[PDB]
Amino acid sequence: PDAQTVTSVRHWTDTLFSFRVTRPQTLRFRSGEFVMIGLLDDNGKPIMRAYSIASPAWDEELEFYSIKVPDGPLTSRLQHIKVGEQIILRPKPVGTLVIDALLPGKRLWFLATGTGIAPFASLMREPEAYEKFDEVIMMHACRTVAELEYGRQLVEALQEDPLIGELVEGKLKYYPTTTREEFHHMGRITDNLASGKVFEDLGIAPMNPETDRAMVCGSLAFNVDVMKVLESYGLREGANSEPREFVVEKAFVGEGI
């Protein structure tokens, strides 16, 4: 188990923060995968938790998007982490949110809620996504506007980039929504896909197995409800052994805070 150093921290809300750490020279992974990271308790025993790598495979540094669960063994501590301090990292990537587990196609959808946007923060900055697919749709649903900030700034920086800010724009469509606070676009991913509102707002054709591929990341309940909506459009679940139209992964275990 490696010990890497925090090089920067940013707090978004009273329950969300992101940070970057040095990457082990040897660590290799595919954008979208996750690894175990953690801290030591008081007796010096490791407290490890799965975490999607929020940064792309080519990024020399590792990024993470994290929840804050006071009373949560890991994040009650991790939320206090400072630049210069370190985290325990098991350099062994895994996960079902890899491009290789999807049949090639034209449109790739990223469906996420809460911190579930983490593996897509990585995949949206992954070159392969824009060369194996013509369009990338990022649907991010959270309760408030503030919880969408991390994703917004990330997406904004890609579209404003002097060199590719225009190459991405037009190919990457950002569709954030809130379900509690007022915002120009609201509603759950499931409802907006079922009613067809999102196809409407983005001016695109309905979803179909022939052109559409999807990756889902949220609570287990979300994942289940989303799978039903996807299957009702013709798409099917795939895997690395038998690639299909969509793949899913739990954003966290339990009902979530």
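Don't overthink the numbering: it's just position in the shown sequence, from 1. By rigid core we mean the largest C-alpha set that fits within 1.5 Å across both forms.
For the pair 7-15 and 241-249, greater average C-alpha departure from the shown form in 5 other deposited structures of this protein after core alignment is found in 241-249.
Once the rigid core is used to overlay the structures in 5 other deposited structures of this protein, the stretch among 203-211 and 55-63 whose CA atoms lie farther from this form is 203-211. Remark: stretch with higher mean C-alpha B factor among 108-116 and 125-133 is 125-133.
As the entry records it, the average C-alpha temperature factor is higher for 166-174, out of 136-144 and 166-174. Of the candidates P56, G218, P70, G38, it is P70 whose Cα B-factor is highest according to the PDB record. When the Cα B-factors of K92, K82, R77, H184 are read from the PDB record, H184 comes out highest. Among the modelled residues of its chain, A3 has a C-alpha B-factor that falls in the middle third according to the deposited record. Annotation for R49: C-alpha temperature factor in the lowest third relative to the rest of the modelled chain, per the entry.
In the deposited entry, the Cα temperature factor of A239 places it in the highest third of its chain's modelled residues.
Ranked by Cα temperature factor within the chain, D225 sits in the middle third according to the deposited record. The deposited CA B-factor of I99 belongs to the middle third of values across its chain.
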